[PDB]
Structures are given as C-alpha cells and as structure tokens.
$ cat query33.txt   # compact mmCIF, N, CA and C atoms
# COMPACT_ATOMS: atom_id res chain seq x y z
N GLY T 1 77.58 -193.72 11.51
CA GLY T 1 78.11 -194.07 12.86
C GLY T 1 79.10 -195.20 12.70
N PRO T 2 79.80 -195.57 13.79
CA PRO T 2 80.98 -196.41 13.67
C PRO T 2 80.73 -197.91 13.54
N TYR T 3 79.47 -198.34 13.66
CA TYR T 3 79.15 -199.78 13.67
C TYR T 3 78.53 -200.24 12.36
N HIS T 4 78.60 -199.40 11.34
CA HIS T 4 78.09 -199.83 10.04
C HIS T 4 78.97 -200.95 9.48
N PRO T 5 78.39 -201.85 8.67
CA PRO T 5 79.20 -202.87 8.00
C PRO T 5 80.02 -202.27 6.86
N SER T 6 81.00 -203.03 6.38
CA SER T 6 81.81 -202.62 5.24
C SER T 6 81.61 -203.60 4.09
N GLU T 7 81.61 -203.09 2.86
CA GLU T 7 81.53 -203.95 1.67
C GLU T 7 82.84 -204.69 1.49
N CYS T 8 82.74 -206.01 1.31
CA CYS T 8 83.91 -206.85 1.04
C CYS T 8 83.71 -207.64 -0.25
N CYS T 9 84.82 -207.90 -0.94
CA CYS T 9 84.81 -208.72 -2.15
C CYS T 9 85.21 -210.17 -1.90
N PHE T 10 84.44 -211.10 -2.43
CA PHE T 10 84.76 -212.54 -2.30
C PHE T 10 85.16 -213.17 -3.61
N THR T 11 84.54 -212.71 -4.68
CA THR T 11 84.87 -213.15 -6.05
C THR T 11 85.04 -211.92 -6.94
N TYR T 12 86.13 -211.92 -7.70
CA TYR T 12 86.43 -210.81 -8.60
C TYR T 12 86.00 -211.15 -10.00
N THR T 13 85.64 -210.14 -10.80
CA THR T 13 85.50 -210.38 -12.23
C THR T 13 86.88 -210.55 -12.86
N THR T 14 86.98 -211.45 -13.84
CA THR T 14 88.23 -211.58 -14.58
C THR T 14 88.19 -210.63 -15.79
N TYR T 15 87.00 -210.09 -16.10
CA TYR T 15 86.79 -209.32 -17.32
C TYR T 15 86.91 -207.82 -17.07
N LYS T 16 87.68 -207.15 -17.91
CA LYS T 16 87.76 -205.69 -17.84
C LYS T 16 86.36 -205.12 -18.05
N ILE T 17 86.01 -204.12 -17.24
CA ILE T 17 84.69 -203.49 -17.32
C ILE T 17 84.75 -202.41 -18.42
N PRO T 18 83.84 -202.44 -19.41
CA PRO T 18 83.85 -201.38 -20.43
C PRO T 18 83.81 -200.02 -19.74
N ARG T 19 84.74 -199.14 -20.11
CA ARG T 19 84.96 -197.90 -19.36
C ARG T 19 83.72 -196.98 -19.39
N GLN T 20 82.90 -197.13 -20.42
CA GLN T 20 81.66 -196.38 -20.56
C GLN T 20 80.60 -196.69 -19.49
N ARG T 21 80.76 -197.81 -18.79
CA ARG T 21 79.84 -198.18 -17.75
C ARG T 21 80.24 -197.59 -16.39
N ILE T 22 81.46 -197.09 -16.29
CA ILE T 22 82.07 -196.80 -14.97
C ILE T 22 81.78 -195.38 -14.48
N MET T 23 81.20 -195.30 -13.29
CA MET T 23 80.88 -194.02 -12.66
C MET T 23 81.89 -193.59 -11.59
N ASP T 24 82.49 -194.56 -10.88
CA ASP T 24 83.40 -194.26 -9.77
C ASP T 24 84.01 -195.57 -9.32
N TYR T 25 84.89 -195.51 -8.34
CA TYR T 25 85.43 -196.69 -7.71
C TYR T 25 85.72 -196.38 -6.26
N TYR T 26 85.85 -197.44 -5.47
CA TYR T 26 86.39 -197.29 -4.14
C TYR T 26 87.19 -198.53 -3.72
N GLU T 27 88.08 -198.35 -2.75
CA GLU T 27 88.84 -199.46 -2.22
C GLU T 27 88.08 -200.04 -1.03
N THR T 28 88.02 -201.36 -0.95
CA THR T 28 87.36 -201.99 0.20
C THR T 28 88.22 -201.95 1.46
N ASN T 29 87.53 -201.94 2.60
CA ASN T 29 88.13 -201.93 3.94
C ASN T 29 89.25 -202.97 4.05
N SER T 30 90.39 -202.57 4.58
CA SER T 30 91.51 -203.50 4.73
C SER T 30 91.18 -204.66 5.68
N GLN T 31 90.12 -204.52 6.48
CA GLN T 31 89.70 -205.62 7.34
C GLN T 31 89.05 -206.80 6.59
N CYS T 32 88.63 -206.56 5.35
CA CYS T 32 88.11 -207.63 4.50
C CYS T 32 89.18 -208.71 4.30
N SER T 33 88.75 -209.95 4.12
CA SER T 33 89.68 -211.06 3.94
C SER T 33 90.56 -210.91 2.70
N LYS T 34 90.04 -210.21 1.68
CA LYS T 34 90.75 -210.00 0.42
C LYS T 34 90.80 -208.52 0.06
N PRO T 35 91.86 -208.09 -0.64
CA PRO T 35 91.87 -206.72 -1.16
C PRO T 35 90.78 -206.57 -2.22
N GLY T 36 90.28 -205.35 -2.40
CA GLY T 36 89.23 -205.15 -3.41
C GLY T 36 89.18 -203.73 -3.89
N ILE T 37 89.01 -203.57 -5.20
CA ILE T 37 88.56 -202.32 -5.78
C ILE T 37 87.16 -202.58 -6.34
N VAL T 38 86.19 -201.80 -5.88
CA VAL T 38 84.80 -201.94 -6.34
C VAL T 38 84.55 -200.81 -7.34
N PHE T 39 84.10 -201.16 -8.54
CA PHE T 39 83.70 -200.15 -9.52
C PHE T 39 82.19 -199.99 -9.43
N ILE T 40 81.77 -198.74 -9.38
CA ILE T 40 80.34 -198.40 -9.36
C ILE T 40 79.94 -198.08 -10.80
N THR T 41 78.87 -198.73 -11.27
CA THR T 41 78.42 -198.63 -12.67
C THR T 41 77.19 -197.75 -12.84
N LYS T 42 76.87 -197.51 -14.11
CA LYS T 42 75.86 -196.53 -14.52
C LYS T 42 74.51 -196.89 -13.93
N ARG T 43 74.29 -198.19 -13.77
CA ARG T 43 72.97 -198.66 -13.42
C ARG T 43 72.89 -198.82 -11.90
N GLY T 44 73.89 -198.23 -11.22
CA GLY T 44 74.06 -198.22 -9.78
C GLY T 44 74.57 -199.53 -9.18
N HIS T 45 75.18 -200.39 -10.00
CA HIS T 45 75.71 -201.67 -9.50
C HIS T 45 77.17 -201.57 -9.08
N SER T 46 77.62 -202.54 -8.30
CA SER T 46 78.99 -202.55 -7.77
C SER T 46 79.66 -203.84 -8.21
N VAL T 47 80.89 -203.73 -8.70
CA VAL T 47 81.57 -204.86 -9.34
C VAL T 47 82.94 -204.97 -8.70
N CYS T 48 83.17 -206.10 -8.03
CA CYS T 48 84.44 -206.42 -7.41
C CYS T 48 85.54 -206.75 -8.41
N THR T 49 86.70 -206.15 -8.18
CA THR T 49 87.91 -206.38 -8.98
C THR T 49 89.14 -206.52 -8.09
N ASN T 50 90.16 -207.15 -8.66
CA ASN T 50 91.40 -207.38 -7.95
C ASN T 50 92.35 -206.21 -8.18
N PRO T 51 92.73 -205.51 -7.09
CA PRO T 51 93.62 -204.34 -7.21
C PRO T 51 94.97 -204.66 -7.87
N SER T 52 95.35 -205.94 -7.89
CA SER T 52 96.65 -206.37 -8.44
C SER T 52 96.60 -206.64 -9.96
N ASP T 53 95.40 -206.62 -10.54
CA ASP T 53 95.23 -206.68 -11.99
C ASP T 53 95.68 -205.38 -12.64
N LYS T 54 96.50 -205.47 -13.69
CA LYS T 54 97.04 -204.24 -14.30
C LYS T 54 95.93 -203.30 -14.78
N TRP T 55 94.89 -203.85 -15.41
CA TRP T 55 93.81 -203.00 -15.95
C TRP T 55 93.10 -202.20 -14.86
N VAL T 56 92.99 -202.77 -13.67
CA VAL T 56 92.33 -202.07 -12.56
C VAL T 56 93.17 -200.85 -12.18
N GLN T 57 94.49 -201.04 -12.09
CA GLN T 57 95.44 -199.97 -11.76
C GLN T 57 95.38 -198.89 -12.85
N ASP T 58 95.40 -199.31 -14.13
CA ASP T 58 95.31 -198.38 -15.27
C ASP T 58 94.04 -197.54 -15.20
N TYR T 59 92.91 -198.20 -14.95
CA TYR T 59 91.62 -197.49 -14.80
C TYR T 59 91.67 -196.43 -13.71
N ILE T 60 92.13 -196.83 -12.52
CA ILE T 60 92.21 -195.92 -11.38
C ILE T 60 93.05 -194.68 -11.71
N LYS T 61 94.17 -194.89 -12.41
CA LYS T 61 95.07 -193.80 -12.81
C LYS T 61 94.35 -192.81 -13.73
N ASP T 62 93.58 -193.31 -14.70
CA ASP T 62 92.83 -192.43 -15.62
C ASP T 62 91.60 -191.79 -14.97
N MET T 63 91.17 -192.30 -13.82
CA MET T 63 90.01 -191.75 -13.10
C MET T 63 90.38 -190.67 -12.07
N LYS T 64 91.59 -190.78 -11.53
CA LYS T 64 92.09 -189.90 -10.47
C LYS T 64 92.54 -188.55 -11.03
N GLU T 65 92.47 -187.50 -10.20
CA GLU T 65 93.06 -186.20 -10.52
C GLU T 65 94.20 -185.94 -9.56
N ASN T 66 95.21 -185.19 -10.02
CA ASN T 66 96.22 -184.66 -9.11
C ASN T 66 95.81 -183.29 -8.53
N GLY S 1 75.36 -208.08 -9.80
CA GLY S 1 75.78 -209.29 -10.60
C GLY S 1 76.50 -210.34 -9.76
N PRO S 2 77.15 -211.33 -10.41
CA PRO S 2 77.88 -212.37 -9.68
C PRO S 2 79.12 -211.84 -8.93
N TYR S 3 79.47 -210.59 -9.18
CA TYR S 3 80.72 -210.04 -8.67
C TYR S 3 80.43 -208.90 -7.69
N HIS S 4 79.22 -208.85 -7.16
CA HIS S 4 78.85 -207.78 -6.22
C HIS S 4 79.57 -208.03 -4.88
N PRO S 5 79.97 -206.95 -4.16
CA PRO S 5 80.47 -207.12 -2.79
C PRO S 5 79.34 -207.43 -1.80
N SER S 6 79.69 -207.90 -0.60
CA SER S 6 78.71 -208.15 0.45
C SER S 6 79.07 -207.31 1.64
N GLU S 7 78.05 -206.85 2.35
CA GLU S 7 78.26 -206.14 3.62
C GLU S 7 78.73 -207.12 4.69
N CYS S 8 79.85 -206.79 5.35
CA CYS S 8 80.37 -207.58 6.49
C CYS S 8 80.59 -206.71 7.71
N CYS S 9 80.44 -207.31 8.89
CA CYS S 9 80.57 -206.59 10.16
C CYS S 9 81.94 -206.79 10.78
N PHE S 10 82.53 -205.69 11.26
CA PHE S 10 83.83 -205.76 11.92
C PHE S 10 83.81 -205.17 13.32
N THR S 11 83.13 -204.04 13.46
CA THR S 11 82.91 -203.42 14.78
C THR S 11 81.45 -203.53 15.18
N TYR S 12 81.19 -204.37 16.19
CA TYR S 12 79.84 -204.53 16.71
C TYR S 12 79.46 -203.37 17.61
N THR S 13 78.16 -203.11 17.68
CA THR S 13 77.66 -202.08 18.60
C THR S 13 78.13 -202.28 20.03
N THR S 14 78.29 -201.16 20.75
CA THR S 14 78.62 -201.20 22.16
C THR S 14 77.42 -200.91 23.08
N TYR S 15 76.25 -200.74 22.47
CA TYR S 15 74.99 -200.55 23.20
C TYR S 15 73.86 -201.41 22.60
N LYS S 16 72.89 -201.76 23.45
CA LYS S 16 71.65 -202.37 22.99
C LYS S 16 70.82 -201.28 22.28
N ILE S 17 70.60 -201.49 20.98
CA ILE S 17 69.87 -200.52 20.16
C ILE S 17 68.43 -200.38 20.66
N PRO S 18 68.00 -199.13 21.00
CA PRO S 18 66.59 -198.97 21.37
C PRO S 18 65.71 -199.51 20.24
N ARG S 19 64.77 -200.38 20.61
CA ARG S 19 63.94 -201.10 19.65
C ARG S 19 63.18 -200.15 18.72
N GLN S 20 62.77 -199.00 19.26
CA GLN S 20 61.98 -198.02 18.50
C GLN S 20 62.67 -197.49 17.23
N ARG S 21 64.00 -197.59 17.19
CA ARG S 21 64.80 -197.08 16.05
C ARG S 21 64.82 -198.03 14.88
N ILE S 22 64.48 -199.28 15.14
CA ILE S 22 64.77 -200.36 14.19
C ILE S 22 63.65 -200.59 13.19
N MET S 23 64.00 -200.56 11.90
CA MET S 23 63.01 -200.72 10.83
C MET S 23 63.03 -202.12 10.20
N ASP S 24 64.21 -202.74 10.20
CA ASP S 24 64.41 -204.04 9.55
C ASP S 24 65.77 -204.61 9.98
N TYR S 25 66.12 -205.80 9.50
CA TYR S 25 67.44 -206.37 9.78
C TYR S 25 67.80 -207.28 8.63
N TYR S 26 69.08 -207.63 8.55
CA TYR S 26 69.51 -208.71 7.67
C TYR S 26 70.70 -209.40 8.29
N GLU S 27 70.84 -210.70 7.98
CA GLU S 27 72.05 -211.41 8.38
C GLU S 27 73.08 -211.26 7.29
N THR S 28 74.32 -210.99 7.67
CA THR S 28 75.36 -210.79 6.67
C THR S 28 75.72 -212.12 6.01
N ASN S 29 76.30 -212.02 4.81
CA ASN S 29 76.81 -213.18 4.08
C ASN S 29 77.63 -214.10 4.99
N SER S 30 77.29 -215.40 5.01
CA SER S 30 78.06 -216.32 5.86
C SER S 30 79.55 -216.42 5.47
N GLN S 31 79.91 -215.90 4.30
CA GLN S 31 81.31 -215.83 3.91
C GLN S 31 82.13 -214.74 4.62
N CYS S 32 81.45 -213.77 5.25
CA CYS S 32 82.11 -212.78 6.08
C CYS S 32 82.93 -213.45 7.19
N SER S 33 84.02 -212.81 7.61
CA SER S 33 84.91 -213.44 8.60
C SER S 33 84.26 -213.56 9.99
N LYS S 34 83.28 -212.69 10.26
CA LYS S 34 82.53 -212.71 11.53
C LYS S 34 81.03 -212.80 11.25
N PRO S 35 80.28 -213.50 12.13
CA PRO S 35 78.83 -213.52 12.06
C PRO S 35 78.31 -212.10 12.31
N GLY S 36 77.20 -211.74 11.69
CA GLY S 36 76.67 -210.39 11.89
C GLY S 36 75.19 -210.34 11.66
N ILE S 37 74.48 -209.61 12.51
CA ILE S 37 73.12 -209.19 12.21
C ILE S 37 73.16 -207.67 12.09
N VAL S 38 72.74 -207.14 10.93
CA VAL S 38 72.70 -205.69 10.73
C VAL S 38 71.27 -205.22 10.96
N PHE S 39 71.07 -204.34 11.94
CA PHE S 39 69.79 -203.68 12.09
C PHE S 39 69.82 -202.38 11.31
N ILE S 40 68.73 -202.13 10.61
CA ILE S 40 68.54 -200.93 9.80
C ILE S 40 67.62 -200.01 10.57
N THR S 41 68.10 -198.80 10.84
CA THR S 41 67.30 -197.84 11.63
C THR S 41 66.48 -196.87 10.77
N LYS S 42 65.56 -196.16 11.41
CA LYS S 42 64.66 -195.24 10.72
C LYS S 42 65.43 -194.21 9.90
N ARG S 43 66.58 -193.81 10.43
CA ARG S 43 67.35 -192.71 9.89
C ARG S 43 68.39 -193.21 8.84
N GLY S 44 68.26 -194.47 8.43
CA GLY S 44 69.14 -195.06 7.42
C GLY S 44 70.55 -195.41 7.89
N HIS S 45 70.71 -195.64 9.19
CA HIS S 45 71.96 -196.14 9.72
C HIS S 45 71.87 -197.68 9.79
N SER S 46 72.95 -198.35 9.44
CA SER S 46 73.02 -199.78 9.59
C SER S 46 73.95 -200.02 10.77
N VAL S 47 73.54 -200.90 11.70
CA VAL S 47 74.28 -201.12 12.93
C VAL S 47 74.58 -202.61 13.08
N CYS S 48 75.86 -202.96 13.08
CA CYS S 48 76.30 -204.34 13.21
C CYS S 48 76.13 -204.83 14.64
N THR S 49 75.60 -206.05 14.76
CA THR S 49 75.38 -206.69 16.07
C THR S 49 75.86 -208.15 16.02
N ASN S 50 76.14 -208.69 17.20
CA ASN S 50 76.62 -210.07 17.36
C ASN S 50 75.41 -210.99 17.57
N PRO S 51 75.14 -211.90 16.60
CA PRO S 51 73.98 -212.80 16.66
C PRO S 51 74.01 -213.71 17.91
N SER S 52 75.14 -213.77 18.60
CA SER S 52 75.21 -214.55 19.86
C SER S 52 74.68 -213.79 21.09
N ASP S 53 74.33 -212.51 20.91
CA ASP S 53 73.75 -211.71 21.99
C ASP S 53 72.26 -212.02 22.12
N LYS S 54 71.81 -212.30 23.35
CA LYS S 54 70.40 -212.63 23.56
C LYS S 54 69.42 -211.57 23.05
N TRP S 55 69.70 -210.29 23.34
CA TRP S 55 68.82 -209.20 22.94
C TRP S 55 68.62 -209.13 21.43
N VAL S 56 69.68 -209.45 20.67
CA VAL S 56 69.60 -209.51 19.20
C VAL S 56 68.63 -210.61 18.76
N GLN S 57 68.76 -211.78 19.36
CA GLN S 57 67.88 -212.88 18.98
C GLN S 57 66.45 -212.59 19.40
N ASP S 58 66.30 -211.96 20.56
CA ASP S 58 64.98 -211.54 21.05
C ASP S 58 64.32 -210.55 20.09
N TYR S 59 65.09 -209.55 19.63
CA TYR S 59 64.60 -208.60 18.62
C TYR S 59 64.13 -209.29 17.35
N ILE S 60 64.98 -210.15 16.80
CA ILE S 60 64.68 -210.89 15.58
C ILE S 60 63.38 -211.70 15.74
N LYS S 61 63.28 -212.44 16.84
CA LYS S 61 62.07 -213.17 17.21
C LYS S 61 60.82 -212.30 17.13
N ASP S 62 60.85 -211.14 17.79
CA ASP S 62 59.69 -210.23 17.81
C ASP S 62 59.34 -209.64 16.45
N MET S 63 60.37 -209.38 15.64
CA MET S 63 60.17 -208.81 14.31
C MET S 63 59.63 -209.85 13.33
$ encode --input "query33.txt" --output "structure tokens"
Amino acid sequence: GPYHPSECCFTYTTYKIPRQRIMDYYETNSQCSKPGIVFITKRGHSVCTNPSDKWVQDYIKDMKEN
Amino acid sequence: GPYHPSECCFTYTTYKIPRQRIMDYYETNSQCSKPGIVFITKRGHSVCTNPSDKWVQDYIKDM
C-alpha cells in the first residue's frame, strides 16, 4: 500500500563489496536526503553505497541485462 | 552492518488504522527527514503515521 516507509542511506561504505557476496541491488527513493544504491548480500543484508562512486556504477553495469 | 539503510516515512496514512490490524510498531530512525511511527499489520503491511497524531500516541500507550 502507499504509506509504507522507504529505505534511506545515511552512511555509505567506502569499501568495494566483494562481488561474490552480491545478490542484487536497488536505488533508494529520491525522497531520501541522500542518493543511494543498496546492495543486497548473500546473508540477506543490505549495504548502502554512493551511486557516484565509479565501482558502484561498474557493478550495476555488469549486473544489468539489456 | 554499519552501512545498513533505515526505513523512513514520507507519505503518512490518510486514515486512522483499525486497531485490530496492528501487530507491532517501531519509531523510525531519528535521522529520517520526518518523524514517523510505523505500524506493522497482520498482513505484513507497514503503515507510516505521524507521531504528533493523538490516536497514534493512544495506540502506542495501549500496546
């Protein structure tokens, strides 16, 4: 329904996430105070990253299909 | 971990949630841009509410 909360990022990791841990990603709601790409990991955890970091962009490109 | 996202509220409910639906609640991270109380319903819906609403505080009190 339309009143659910949205996940927002407040602190980003500075460290590239080992690609073997990565299950998926999503972009955080633009209403959040900061931009965010959240990576979902094998153990079901969520890790905030900065979309403007080159490695985050590189990861997303290798994860996406055309 | 230290880099987990937090749930934040942007669109508050437009109705008083029937009490019977509610299983639990949590207050959102105070770092969110708006104050929020999220009620968790039986059916796994999370519903954002304004902690300044009397009915919300009344619910929390009773729970």
$ select_by_dssp --input "query33.txt" --residues "chain S" --states "alpha helix (DSSP H)" --output "list in words"
residues 54, 55, 56, 57, 58, 59, 60, 61 and 62 of chain S
$ interface_residues --input "query33.txt" --of "chain T" --to "chain S" --cutoff "6 Å" --atoms "only N, CA and C atoms" --output "list in words"
residues 2, 3, 4, 5, 6, 7, 8, 9, 10, 11, 12, 13, 46, 47 and 48 of chain T
$ atom_distance --input "query33.txt" --atom1 "CA of residue 15 (chain T)" --atom2 "atom N of residue 42 (chain T)"
15.8 Å
$ atom_distance --input "query33.txt" --atom1 "CA of residue 60 (chain S)" --atom2 "CA of residue 43 (chain S)"
19.2 Å
$ atom_distance --input "query33.txt" --atom1 "CA of residue 29 (chain T)" --atom2 "CA of residue 56 (chain T)"
17.0 Å
$ residues_around --input "query33.txt" --residues "residue 51 (chain T)" --least-positions-apart "2" --cutoff "5 Å" --atoms "all atoms listed in the file" --output "PyMOL selection string"
chain T and resi 37+49+53
$ residues_around --input "query33.txt" --residues "residue 41 (chain S)" --least-positions-apart "6" --cutoff "8 Å" --atoms "all atoms listed in the file" --output "count of residues only"
7
$ select_by_dssp --input "query33.txt" --residues "chain S" --states "strand (DSSP E or B)" --output "PyMOL selection string"
chain S and resi 6-8+22-27+37-41+46-49
$ decode --input "query33.txt" --residues "region 33-51 of chain S" --atoms "N, CA and C atoms" --output "compact mmCIF listing (two decimals), in the first residue's frame"
# COMPACT_ATOMS: atom_id res chain seq x y z
N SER S 33 14.18 12.44 7.62
CA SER S 33 13.83 13.86 7.49
C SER S 33 12.51 14.22 8.19
N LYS S 34 11.64 13.21 8.37
CA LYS S 34 10.36 13.39 9.07
C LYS S 34 10.24 12.37 10.21
N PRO S 35 9.58 12.76 11.32
CA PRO S 35 9.27 11.83 12.39
C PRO S 35 8.30 10.77 11.85
N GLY S 36 8.39 9.56 12.36
CA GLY S 36 7.49 8.51 11.87
C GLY S 36 7.28 7.44 12.90
N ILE S 37 6.04 6.98 13.02
CA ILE S 37 5.76 5.72 13.70
C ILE S 37 5.22 4.76 12.64
N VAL S 38 5.87 3.61 12.48
CA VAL S 38 5.41 2.61 11.51
C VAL S 38 4.64 1.54 12.28
N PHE S 39 3.36 1.37 11.94
CA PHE S 39 2.60 0.25 12.45
C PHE S 39 2.72 -0.90 11.48
N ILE S 40 2.93 -2.09 12.04
CA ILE S 40 3.06 -3.32 11.29
C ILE S 40 1.75 -4.08 11.43
N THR S 41 1.13 -4.38 10.30
CA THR S 41 -0.18 -5.07 10.33
C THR S 41 -0.07 -6.59 10.19
N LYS S 42 -1.18 -7.28 10.46
CA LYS S 42 -1.22 -8.74 10.43
C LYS S 42 -0.75 -9.29 9.10
N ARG S 43 -1.07 -8.55 8.03
CA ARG S 43 -0.87 -9.00 6.68
C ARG S 43 0.52 -8.57 6.13
N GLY S 44 1.38 -8.10 7.03
CA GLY S 44 2.74 -7.68 6.66
C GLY S 44 2.86 -6.36 5.91
N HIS S 45 1.87 -5.48 6.09
CA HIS S 45 1.97 -4.14 5.56
C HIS S 45 2.55 -3.23 6.66
N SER S 46 3.42 -2.32 6.28
CA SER S 46 3.94 -1.33 7.21
C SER S 46 3.27 -0.03 6.81
N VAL S 47 2.73 0.71 7.80
CA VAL S 47 1.96 1.91 7.53
C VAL S 47 2.56 3.08 8.33
N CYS S 48 3.05 4.09 7.62
CA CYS S 48 3.65 5.26 8.24
C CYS S 48 2.58 6.16 8.85
N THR S 49 2.86 6.63 10.06
CA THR S 49 1.95 7.53 10.79
C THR S 49 2.75 8.68 11.41
N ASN S 50 2.04 9.77 11.69
CA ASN S 50 2.62 10.98 12.28
C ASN S 50 2.52 10.88 13.81
N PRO S 51 3.68 10.80 14.51
CA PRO S 51 3.70 10.65 15.97
C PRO S 51 3.02 11.83 16.69
